[PDB]
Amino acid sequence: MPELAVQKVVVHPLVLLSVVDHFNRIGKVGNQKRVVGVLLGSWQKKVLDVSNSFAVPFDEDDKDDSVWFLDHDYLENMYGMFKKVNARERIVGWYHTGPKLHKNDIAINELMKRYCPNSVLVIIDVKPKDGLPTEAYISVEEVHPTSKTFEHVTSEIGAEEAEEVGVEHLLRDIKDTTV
């Protein structure tokens, strides 16, 4: 029985910023709920490089979250859109804003595995005063009625140097207000 296909997840700053920003922006218009999205990137050495992301319409019943939907058409359409403009990136997994694993995450991940068999879920912490921004997981089968569970994958916010200096330069740029 083979080890994980992914042993580390590097989430690029833009992804974190995107996800946190999107989450806070929907929060201002009354978002009551976690955000779910797709992660795009590339794999090198059992290391997953998460370079991009996009939120997807997602609903889940707040009484029984076995009732949940993601439009895979939306995700495929968005991904196709992205492919037209972006440097080669692949669906490498998905994200949600957590804060923790939800019961239906295994099922969501099973839908995501349609697009990436070694789908990694990253919970992205969007709480301002939290953490360790990312927590990565890969679904793992536990044989007994065989069961699926998330196994933690080492994950970090990571950036190539030129990319971090771009972020550093970003922060030096900023003026307040705002609305």
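For every residue, the number given is its place in the sequence shown, counted from 1.
Chemist: Does the entry skip any residues of the deposited sequence between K28 and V29, and if so, is it 1 to 3, 4 to 9, or 10 or more, or none at all?
Modeler: Nothing is missing.
Chemist: Should the segment between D130 and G131 be described as having none, 1 to 3, 4 to 9, or 10 or more unmodelled residues of the deposited sequence?
Modeler: 1 to 3 residues lack coordinates between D130 and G131.
Chemist: Read off the CA B-factors in the entry, average them over 168 to 176 and over 1 to 9, and name the higher stretch.
Modeler: Averaged over C-alpha atoms, the B-factors run higher in 168 to 176.
Chemist: So, looking at the entry's B-factor column for Cα atoms, which has the higher mean, 149 to 157 or 34 to 42?
Modeler: Averaged over C-alpha atoms, the B-factors run higher in 149 to 157.
Chemist: Which one of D61, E135, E142, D49 shows the biggest C-alpha B-factor in the PDB entry?
Modeler: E142 has the highest C-alpha B-factor of those listed.
Chemist: Hey, out of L101, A107, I91, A87, whose CA B-factor is highest in the deposited coordinates?
Modeler: That would be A87, according to the entry.
Chemist: Ordered by C-alpha B-factor within the chain, which third holds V19? Give me lowest, middle or highest, please.
Modeler: Lowest third of the chain for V19's C-alpha B-factor.
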